[PDB]
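Here is coords-v3.cif, consisting of mmCIF, C-alpha atoms and all ligand atoms:
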data_work
loop_
_atom_site.group_PDB
_atom_site.id
_atom_site.type_symbol
_atom_site.label_atom_id
_atom_site.label_comp_id
_atom_site.auth_asym_id
_atom_site.auth_seq_id
_atom_site.Cartn_x
_atom_site.Cartn_y
_atom_site.Cartn_z
ATOM 1 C CA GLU A 18 107.194 122.374 106.688
ATOM 2 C CA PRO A 19 105.379 123.857 109.748
ATOM 3 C CA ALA A 20 107.414 125.674 112.356
ATOM 4 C CA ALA A 21 108.576 123.780 115.401
ATOM 5 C CA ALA A 22 106.784 124.170 118.675
ATOM 6 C CA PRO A 23 108.367 126.755 121.070
ATOM 7 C CA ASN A 24 109.939 123.927 123.050
ATOM 8 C CA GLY A 25 111.793 122.689 119.932
ATOM 9 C CA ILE A 26 109.514 119.725 119.009
ATOM 10 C CA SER A 27 109.047 119.384 115.236
ATOM 11 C CA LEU A 28 105.729 118.240 113.863
ATOM 12 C CA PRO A 29 105.911 114.421 113.478
ATOM 13 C CA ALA A 30 105.810 113.739 109.790
ATOM 14 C CA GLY A 31 103.318 111.170 108.610
ATOM 15 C CA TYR A 32 100.968 111.247 111.597
ATOM 16 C CA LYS A 33 97.880 111.092 109.367
ATOM 17 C CA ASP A 34 98.975 107.583 108.437
ATOM 18 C CA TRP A 35 99.174 106.295 111.984
ATOM 19 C CA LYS A 36 96.982 103.692 113.548
ATOM 20 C CA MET A 37 94.054 104.475 115.758
ATOM 21 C CA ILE A 38 94.161 104.213 119.537
ATOM 22 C CA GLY A 39 90.768 105.751 120.303
ATOM 23 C CA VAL A 40 88.143 108.357 119.696
ATOM 24 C CA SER A 41 86.479 110.841 122.026
ATOM 25 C CA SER A 42 84.012 113.647 122.187
ATOM 26 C CA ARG A 43 84.602 116.610 124.527
ATOM 27 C CA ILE A 44 81.142 117.913 125.519
ATOM 28 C CA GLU A 45 82.396 121.232 126.806
ATOM 29 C CA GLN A 46 84.428 121.878 123.642
ATOM 30 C CA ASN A 47 81.882 120.644 121.064
ATOM 31 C CA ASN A 48 84.767 118.700 119.503
ATOM 32 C CA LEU A 49 85.181 115.220 118.115
ATOM 33 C CA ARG A 50 88.645 113.769 118.484
ATOM 34 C CA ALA A 51 90.645 110.872 117.081
ATOM 35 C CA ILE A 52 93.638 109.621 118.998
ATOM 36 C CA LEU A 53 96.339 108.065 116.881
ATOM 37 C CA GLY A 54 99.804 106.842 117.714
ATOM 38 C CA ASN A 55 103.029 105.861 116.072
ATOM 39 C CA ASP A 56 103.793 102.153 115.994
ATOM 40 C CA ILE A 57 105.723 102.331 119.300
ATOM 41 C CA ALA A 58 102.687 103.848 120.969
ATOM 42 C CA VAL A 59 100.191 101.465 119.339
ATOM 43 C CA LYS A 60 102.189 98.366 120.325
ATOM 44 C CA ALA A 61 102.396 99.686 123.876
ATOM 45 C CA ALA A 62 98.745 100.575 123.996
ATOM 46 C CA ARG A 63 97.633 97.222 122.721
ATOM 47 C CA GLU A 64 100.065 95.283 125.038
ATOM 48 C CA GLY A 65 99.237 97.461 128.072
ATOM 49 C CA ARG A 66 102.828 98.755 128.434
ATOM 50 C CA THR A 67 101.742 102.161 129.682
ATOM 51 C CA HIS A 68 103.329 102.362 133.152
ATOM 52 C CA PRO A 69 105.243 104.135 131.869
ATOM 53 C CA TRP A 70 104.795 104.381 128.126
ATOM 54 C CA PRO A 71 107.970 103.568 126.264
ATOM 55 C CA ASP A 72 110.426 106.119 125.027
ATOM 56 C CA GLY A 73 109.640 106.966 121.383
ATOM 57 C CA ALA A 74 105.861 106.568 121.797
ATOM 58 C CA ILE A 75 104.070 109.466 120.156
ATOM 59 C CA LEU A 76 100.355 110.094 120.666
ATOM 60 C CA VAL A 77 98.396 112.493 118.566
ATOM 61 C CA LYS A 78 94.931 113.820 119.191
ATOM 62 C CA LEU A 79 93.164 115.381 116.250
ATOM 63 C CA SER A 80 90.238 117.679 117.038
ATOM 64 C CA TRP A 81 87.438 118.884 114.781
ATOM 65 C CA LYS A 82 84.375 120.990 115.482
ATOM 66 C CA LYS A 83 81.196 118.929 115.763
ATOM 67 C CA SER A 84 78.741 119.410 112.926
ATOM 68 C CA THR A 85 75.634 117.441 112.168
ATOM 69 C CA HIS A 86 75.334 115.399 109.041
ATOM 70 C CA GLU A 87 73.083 117.081 106.479
ATOM 71 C CA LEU A 88 71.378 113.718 105.628
ATOM 72 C CA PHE A 89 71.209 112.318 109.118
ATOM 73 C CA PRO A 90 70.877 115.013 111.825
ATOM 74 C CA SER A 91 71.456 112.627 114.693
ATOM 75 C CA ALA A 92 75.021 111.928 113.324
ATOM 76 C CA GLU A 93 77.588 114.336 114.817
ATOM 77 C CA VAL A 94 80.458 114.438 112.351
ATOM 78 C CA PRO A 95 83.683 116.465 111.986
ATOM 79 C CA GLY A 96 83.640 119.871 110.530
ATOM 80 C CA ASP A 97 86.443 122.390 110.836
ATOM 81 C CA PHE A 98 89.819 120.908 111.861
ATOM 82 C CA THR A 99 90.901 122.781 114.984
ATOM 83 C CA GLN A 100 94.164 121.317 116.228
ATOM 84 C CA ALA A 101 96.632 118.522 116.527
ATOM 85 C CA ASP A 102 97.998 117.797 119.975
ATOM 86 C CA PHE A 103 101.049 115.607 120.451
ATOM 87 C CA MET A 104 102.747 113.928 123.349
ATOM 88 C CA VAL A 105 106.195 112.443 122.632
ATOM 89 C CA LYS A 106 107.618 110.095 125.286
ATOM 90 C CA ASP A 107 111.220 110.679 126.240
ATOM 91 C CA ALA A 108 111.652 110.037 129.966
ATOM 92 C CA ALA A 109 115.131 111.514 130.126
ATOM 93 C CA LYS A 110 114.731 114.413 127.712
ATOM 94 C CA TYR A 111 111.383 115.792 129.028
ATOM 95 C CA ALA A 112 111.805 114.727 132.676
ATOM 96 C CA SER A 113 110.559 118.158 133.763
ATOM 97 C CA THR A 114 107.221 117.697 131.981
ATOM 98 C CA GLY A 115 106.766 114.221 133.312
ATOM 99 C CA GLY A 116 108.702 112.422 130.630
ATOM 100 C CA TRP A 117 106.524 113.783 127.786
ATOM 101 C CA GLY A 118 107.156 116.441 125.219
ATOM 102 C CA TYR A 119 103.946 118.340 124.565
ATOM 103 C CA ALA A 120 103.179 120.282 121.407
ATOM 104 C CA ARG A 121 100.098 121.592 119.640
ATOM 105 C CA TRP A 122 99.630 122.916 116.127
ATOM 106 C CA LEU A 123 96.513 124.922 115.287
ATOM 107 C CA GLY A 124 94.320 124.526 112.271
ATOM 108 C CA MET A 125 94.897 123.796 108.631
ATOM 109 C CA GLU A 126 97.563 126.490 108.718
ATOM 110 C CA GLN A 127 99.216 124.588 111.560
ATOM 111 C CA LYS A 128 100.465 127.527 113.633
ATOM 112 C CA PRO A 129 102.473 126.222 116.613
ATOM 113 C CA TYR A 130 100.757 127.015 119.860
ATOM 114 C CA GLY A 131 102.332 128.654 122.845
ATOM 115 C CA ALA A 132 103.677 132.057 123.914
ATOM 116 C CA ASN A 133 107.093 130.629 124.772
ATOM 117 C CA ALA A 134 108.978 127.443 125.629
ATOM 118 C CA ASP A 135 107.097 127.008 128.911
ATOM 119 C CA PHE A 136 103.684 126.668 127.251
ATOM 120 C CA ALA A 137 103.669 122.966 128.225
ATOM 121 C CA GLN A 138 103.045 123.815 131.875
ATOM 122 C CA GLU A 139 99.523 124.527 130.682
ATOM 123 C CA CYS A 140 99.222 120.976 129.317
ATOM 124 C CA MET A 141 100.653 119.621 132.625
ATOM 125 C CA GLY A 142 98.087 121.531 134.643
ATOM 126 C CA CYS A 143 95.381 119.205 133.365
ATOM 127 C CA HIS A 144 97.415 116.213 132.475
ATOM 128 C CA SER A 145 98.791 115.926 136.045
ATOM 129 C CA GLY A 146 95.270 114.744 136.902
ATOM 130 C CA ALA A 147 96.261 111.560 135.033
ATOM 131 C CA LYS A 148 99.680 111.302 136.757
ATOM 132 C CA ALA A 149 98.840 107.768 137.938
ATOM 133 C CA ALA A 150 98.304 106.790 134.276
ATOM 134 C CA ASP A 151 101.592 108.369 133.107
ATOM 135 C CA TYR A 152 99.811 111.690 132.239
ATOM 136 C CA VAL A 153 97.692 110.007 129.555
ATOM 137 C CA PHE A 154 93.906 110.075 129.896
ATOM 138 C CA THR A 155 93.068 107.944 126.844
ATOM 139 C CA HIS A 156 92.241 104.302 127.448
ATOM 140 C CA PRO A 157 92.823 102.436 124.190
ATOM 141 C CA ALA A 158 89.530 101.459 122.643
ATOM 142 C CA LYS A 159 88.562 97.772 122.855
ATOM 143 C CA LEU A 160 88.723 95.778 119.604
ATOM 144 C CA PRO A 161 88.542 92.007 119.036
ATOM 145 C CA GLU B 18 88.336 82.995 112.585
ATOM 146 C CA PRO B 19 84.884 84.651 112.468
ATOM 147 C CA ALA B 20 82.327 83.233 110.156
ATOM 148 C CA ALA B 21 81.594 84.980 106.892
ATOM 149 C CA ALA B 22 78.589 87.184 106.634
ATOM 150 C CA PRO B 23 75.457 85.554 105.065
ATOM 151 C CA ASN B 24 76.253 87.121 101.706
ATOM 152 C CA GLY B 25 79.630 85.527 101.594
ATOM 153 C CA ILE B 26 81.857 88.470 102.636
ATOM 154 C CA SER B 27 84.734 87.457 104.853
ATOM 155 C CA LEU B 28 85.995 89.675 107.629
ATOM 156 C CA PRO B 29 88.924 91.702 106.228
ATOM 157 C CA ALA B 30 92.099 90.841 108.057
ATOM 158 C CA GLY B 31 94.011 93.634 109.743
ATOM 159 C CA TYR B 32 91.217 96.222 109.628
ATOM 160 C CA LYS B 33 92.243 97.416 113.099
ATOM 161 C CA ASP B 34 95.477 98.681 111.547
ATOM 162 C CA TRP B 35 93.795 100.671 108.797
ATOM 163 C CA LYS B 36 94.156 104.390 108.448
ATOM 164 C CA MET B 37 91.530 106.794 109.584
ATOM 165 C CA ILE B 38 88.928 108.404 107.401
ATOM 166 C CA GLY B 39 86.767 109.929 110.081
ATOM 167 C CA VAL B 40 84.934 109.785 113.346
ATOM 168 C CA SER B 41 81.338 110.238 114.371
ATOM 169 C CA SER B 42 78.929 110.197 117.275
ATOM 170 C CA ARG B 43 75.385 108.867 116.773
ATOM 171 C CA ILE B 44 73.174 110.712 119.216
ATOM 172 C CA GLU B 45 70.294 108.255 118.855
ATOM 173 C CA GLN B 46 72.578 105.329 119.787
ATOM 174 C CA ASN B 47 74.877 106.915 122.401
ATOM 175 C CA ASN B 48 77.861 105.559 120.531
ATOM 176 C CA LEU B 49 81.171 106.763 119.232
ATOM 177 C CA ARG B 50 82.477 105.540 115.879
ATOM 178 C CA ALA B 51 85.753 105.469 114.035
ATOM 179 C CA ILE B 52 85.651 105.157 110.253
ATOM 180 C CA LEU B 53 88.726 103.494 108.837
ATOM 181 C CA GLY B 54 89.544 102.341 105.324
ATOM 182 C CA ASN B 55 91.927 100.107 103.470
ATOM 183 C CA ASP B 56 94.608 101.888 101.470
ATOM 184 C CA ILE B 57 92.426 102.082 98.322
ATOM 185 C CA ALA B 58 89.664 103.711 100.348
ATOM 186 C CA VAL B 59 92.032 106.068 102.112
ATOM 187 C CA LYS B 60 93.693 107.149 98.921
ATOM 188 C CA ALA B 61 90.268 107.730 97.340
ATOM 189 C CA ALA B 62 89.027 109.602 100.409
ATOM 190 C CA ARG B 63 92.028 111.900 100.443
ATOM 191 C CA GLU B 64 91.972 112.593 96.689
ATOM 192 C CA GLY B 65 88.171 113.085 96.607
ATOM 193 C CA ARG B 66 87.655 110.072 94.285
ATOM 194 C CA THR B 67 84.278 109.243 95.731
ATOM 195 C CA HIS B 68 81.952 109.724 92.750
ATOM 196 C CA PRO B 69 82.118 106.770 92.661
ATOM 197 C CA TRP B 70 84.477 105.155 95.095
ATOM 198 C CA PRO B 71 86.843 102.841 93.320
ATOM 199 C CA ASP B 72 86.534 99.132 93.250
ATOM 200 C CA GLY B 73 88.462 97.531 96.050
ATOM 201 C CA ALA B 74 87.765 100.303 98.571
ATOM 202 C CA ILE B 75 86.718 98.997 101.916
ATOM 203 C CA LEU B 76 85.301 101.191 104.652
ATOM 204 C CA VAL B 77 84.896 99.992 108.227
ATOM 205 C CA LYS B 78 82.902 101.717 110.935
ATOM 206 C CA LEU B 79 83.789 100.617 114.426
ATOM 207 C CA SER B 80 81.247 101.382 117.106
ATOM 208 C CA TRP B 81 81.567 101.574 120.878
ATOM 209 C CA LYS B 82 79.071 102.467 123.533
ATOM 210 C CA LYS B 83 79.737 105.909 124.918
ATOM 211 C CA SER B 84 81.221 106.059 128.409
ATOM 212 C CA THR B 85 82.464 109.066 130.430
ATOM 213 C CA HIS B 86 86.056 109.331 131.425
ATOM 214 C CA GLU B 87 86.404 108.739 135.188
ATOM 215 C CA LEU B 88 89.006 111.605 135.426
ATOM 216 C CA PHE B 89 87.257 114.049 133.101
ATOM 217 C CA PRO B 90 83.447 113.691 132.936
ATOM 218 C CA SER B 91 82.890 115.981 129.980
ATOM 219 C CA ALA B 92 84.962 113.485 127.893
ATOM 220 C CA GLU B 93 82.870 110.825 126.289
ATOM 221 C CA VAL B 94 85.088 107.891 125.523
ATOM 222 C CA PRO B 95 84.600 104.396 124.142
ATOM 223 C CA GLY B 96 83.222 101.741 126.380
ATOM 224 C CA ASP B 97 82.174 98.333 125.160
ATOM 225 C CA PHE B 98 82.695 97.492 121.470
ATOM 226 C CA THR B 99 79.393 96.834 119.795
ATOM 227 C CA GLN B 100 79.915 96.276 116.062
ATOM 228 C CA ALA B 101 82.120 96.444 112.979
ATOM 229 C CA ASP B 102 80.298 97.443 109.793
ATOM 230 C CA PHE B 103 81.930 97.082 106.423
ATOM 231 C CA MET B 104 81.274 98.310 102.933
ATOM 232 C CA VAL B 105 83.283 96.687 100.138
ATOM 233 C CA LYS B 106 83.151 98.417 96.766
ATOM 234 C CA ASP B 107 82.780 96.150 93.759
ATOM 235 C CA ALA B 108 80.549 97.690 91.197
ATOM 236 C CA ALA B 109 80.049 94.454 89.289
ATOM 237 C CA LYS B 110 79.894 91.886 92.094
ATOM 238 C CA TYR B 111 77.557 93.915 94.318
ATOM 239 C CA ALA B 112 75.531 95.579 91.580
ATOM 240 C CA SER B 113 72.279 94.603 93.316
ATOM 241 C CA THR B 114 73.196 96.607 96.414
ATOM 242 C CA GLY B 115 74.510 99.782 94.787
ATOM 243 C CA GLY B 116 77.959 98.354 94.013
ATOM 244 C CA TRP B 117 78.715 97.876 97.679
ATOM 245 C CA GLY B 118 79.000 94.643 99.662
ATOM 246 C CA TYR B 119 77.678 95.230 103.161
ATOM 247 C CA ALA B 120 78.607 93.149 106.179
ATOM 248 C CA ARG B 121 78.362 93.523 109.927
ATOM 249 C CA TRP B 122 80.029 91.610 112.749
ATOM 250 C CA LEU B 123 78.649 92.010 116.263
ATOM 251 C CA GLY B 124 80.610 92.333 119.463
ATOM 252 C CA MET B 125 83.936 91.050 120.696
ATOM 253 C CA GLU B 126 82.576 87.661 119.635
ATOM 254 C CA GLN B 127 82.379 88.787 115.986
ATOM 255 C CA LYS B 128 79.128 87.172 115.259
ATOM 256 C CA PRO B 129 77.933 87.829 111.714
ATOM 257 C CA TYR B 130 74.784 89.821 111.483
ATOM 258 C CA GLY B 131 71.817 89.030 109.322
ATOM 259 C CA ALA B 132 69.034 86.507 109.067
ATOM 260 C CA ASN B 133 69.956 85.410 105.513
ATOM 261 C CA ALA B 134 71.777 86.461 102.363
ATOM 262 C CA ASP B 135 69.347 89.334 101.788
ATOM 263 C CA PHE B 136 70.147 91.151 105.066
ATOM 264 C CA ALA B 137 71.937 93.910 103.139
ATOM 265 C CA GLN B 138 68.608 95.323 101.954
ATOM 266 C CA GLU B 139 68.283 96.712 105.444
ATOM 267 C CA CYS B 140 71.559 98.606 105.039
ATOM 268 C CA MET B 141 70.401 99.889 101.623
ATOM 269 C CA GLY B 142 67.211 101.148 103.307
ATOM 270 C CA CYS B 143 69.118 103.977 104.882
ATOM 271 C CA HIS B 144 72.167 104.066 102.693
ATOM 272 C CA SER B 145 69.988 104.759 99.628
ATOM 273 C CA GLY B 146 69.483 108.184 101.234
ATOM 274 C CA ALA B 147 73.153 108.864 100.356
ATOM 275 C CA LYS B 148 72.867 107.685 96.772
ATOM 276 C CA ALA B 149 74.191 111.079 95.540
ATOM 277 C CA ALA B 150 77.402 110.303 97.457
ATOM 278 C CA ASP B 151 77.663 106.694 96.218
ATOM 279 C CA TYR B 152 75.758 105.413 99.296
ATOM 280 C CA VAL B 153 78.436 106.689 101.690
ATOM 281 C CA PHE B 154 77.353 109.126 104.324
ATOM 282 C CA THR B 155 80.788 109.840 105.776
ATOM 283 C CA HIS B 156 82.628 112.866 104.549
ATOM 284 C CA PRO B 157 86.377 112.269 105.052
ATOM 285 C CA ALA B 158 87.618 114.412 107.932
ATOM 286 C CA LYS B 159 89.810 117.246 106.716
ATOM 287 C CA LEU B 160 93.458 117.133 107.819
ATOM 288 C CA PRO B 161 96.370 119.393 106.767
HETATM 289 FE FE FE C 201 95.355 117.227 126.669
HETATM 290 FE FE FE C 202 75.302 102.380 107.803
#

Show this structure as structure tokens.
Amino acid sequence: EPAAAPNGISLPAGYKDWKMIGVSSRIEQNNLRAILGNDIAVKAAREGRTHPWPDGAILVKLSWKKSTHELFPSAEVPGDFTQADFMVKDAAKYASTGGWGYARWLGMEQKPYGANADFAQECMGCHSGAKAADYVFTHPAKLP
Amino acid sequence: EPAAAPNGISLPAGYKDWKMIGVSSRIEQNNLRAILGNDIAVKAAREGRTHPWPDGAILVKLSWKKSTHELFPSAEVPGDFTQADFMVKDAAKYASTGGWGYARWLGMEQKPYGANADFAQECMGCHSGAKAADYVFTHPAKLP
């Protein structure tokens, strides 16, 4: 089992089996990302209950290096897995980080990120830009 | 319910709840895609049972136009939904098209694509390029 994050959050088991909320590509990072969520999160996302997200909602963003497909150079496809970023909603328990518990695990080896238990202030530094949207940038992708 | 594709393939129910296989960005279309699969596909993907894919495997590629996040411009994020493309493995039934049943539904309106029952030959036009990988371009994204 991977080590916990320095703020005590354990790696959510089973996140590879979760349903999709969106996808993204970060230009500046040369990364492709999938955004998944547990069933609490997915229900919320689909029903628009995101002001705030419900307690128990977990979002995960999975990041891979962009490569190009060997048979189809215009297709940018995942290569190396770089990290898994989580946000766990618990309004009471993480009230100091805006009601979310942040945690990141690096690579296939899944080393928990962060020098100490205050690493999540780094997350907050950017995520506070989405404070109006409960610190979540992702808009759930449209599906019929 | 959406109409069946011209070759008789019905839209698979609950595809939006399928597990992820991968993601991609197609430079020449300015889209983002999510590649999901039914549980047969996902089990095959994860175990490397892709030479060939087993009968019953269904892959779906969901496509959105690329948009830029209003709060973070270097993040390309899904805009409008443009199409759902499906490949249904049945080596006997779809022997004429490489053992795969192809089908595409367009837009939020889920209009079946194709002029007639032979529309899949278009798909085979490019997919034949991936014949060494059982006509599947996608390489499952690697996760821990
Ligand atoms: Fe973030
Ligand atoms: Fe295709």

Could you list, as an MDAnalysis selection string, every residue within 12 Å of residue 90 (chain B), counting all atoms listed in the file and ignoring same-chain residues fewer than 6 positions away? (chainID A and resid 41:45 154) or (chainID B and resid 83:84)

I'd like to see the residues matched by the PyMOL selection byres (((chain B and resi 68) around 9) and not hetatm) on this file, and ideally I'd get them as a JSON list (two decimals) with C-alpha atoms, in the frame of the given file.
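And here is the file that came out, out31.json:
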[["chain", "number", "residue", "atom", "x", "y", "z"],
["B", 65, "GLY", "CA", 88.17, 113.08, 96.61],
["B", 66, "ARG", "CA", 87.66, 110.07, 94.28],
["B", 67, "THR", "CA", 84.28, 109.24, 95.73],
["B", 69, "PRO", "CA", 82.12, 106.77, 92.66],
["B", 70, "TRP", "CA", 84.48, 105.16, 95.10],
["B", 71, "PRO", "CA", 86.84, 102.84, 93.32],
["B", 149, "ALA", "CA", 74.19, 111.08, 95.54],
["B", 150, "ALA", "CA", 77.40, 110.30, 97.46],
["B", 151, "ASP", "CA", 77.66, 106.69, 96.22]]

Min atom-atom distance to ligand FE 202 (chain C) from the set A:89, A:48, A:24, A:39, counting only C-alpha atoms and all ligand atoms, belongs to A:89

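For the atom pair formed by CA of residue 144 (chain A) and CA of residue 159 (chain A), the distance is 22.6 Å, given to one decimal.
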
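Going from CA of residue 76 (chain A) over to CA of residue 61 (chain A), you cover 11.1 Å.
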
re CA of residue 31 (chain A) and CA of residue 100 (chain A): distance 15.6 Å

task: Would you kindly return, as JSON, numbers by chain, each protein, DNA or RNA residue with an atom no farther than 10 Å from any atom of region 52-60 of chain A, considering only C-alpha atoms and excluding same-chain residues fewer than 2 positions away?
output: {"A": [29, 31, 32, 33, 34, 35, 36, 37, 38, 39, 40, 41, 50, 62, 63, 64, 65, 66, 67, 70, 71, 72, 73, 74, 75, 76, 77, 78, 79, 80, 101, 102, 103, 104, 105, 106, 155, 157, 158], "B": [34, 36, 37]}

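Proximity to ligand FE 201 (chain C) was assessed for B:147, B:107, B:92, B:139 counting all atoms listed in the file; the smallest distance is recorded for B:92.
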
Notebook entry, point to check: Written as a VMD selection string, what is the full residue list that the PyMOL selection byres (((chain B and resi 126) around 12) and not hetatm) yields on the file shown?
Noted result: (chain A and resid 160 to 161) or (chain B and resid 18 to 20 98 to 101 122 to 125 127 to 130)

Please return, as a PyMOL selection string, all polymer residues that have at least one atom within 10 Å of the point (103.6, 125.1, 124.1); use all atoms listed in the file and the file's own coordinate frame. chain A and resi 22-26+118-122+129-140

- [ ] Apply the PyMOL selection byres (((chain A and resi 115) around 10) and not hetatm) to the structure shown and report the selected residues as a PyMOL selection string.
- [x] chain A and resi 106-114+116-118+141+144-145+148+151-152
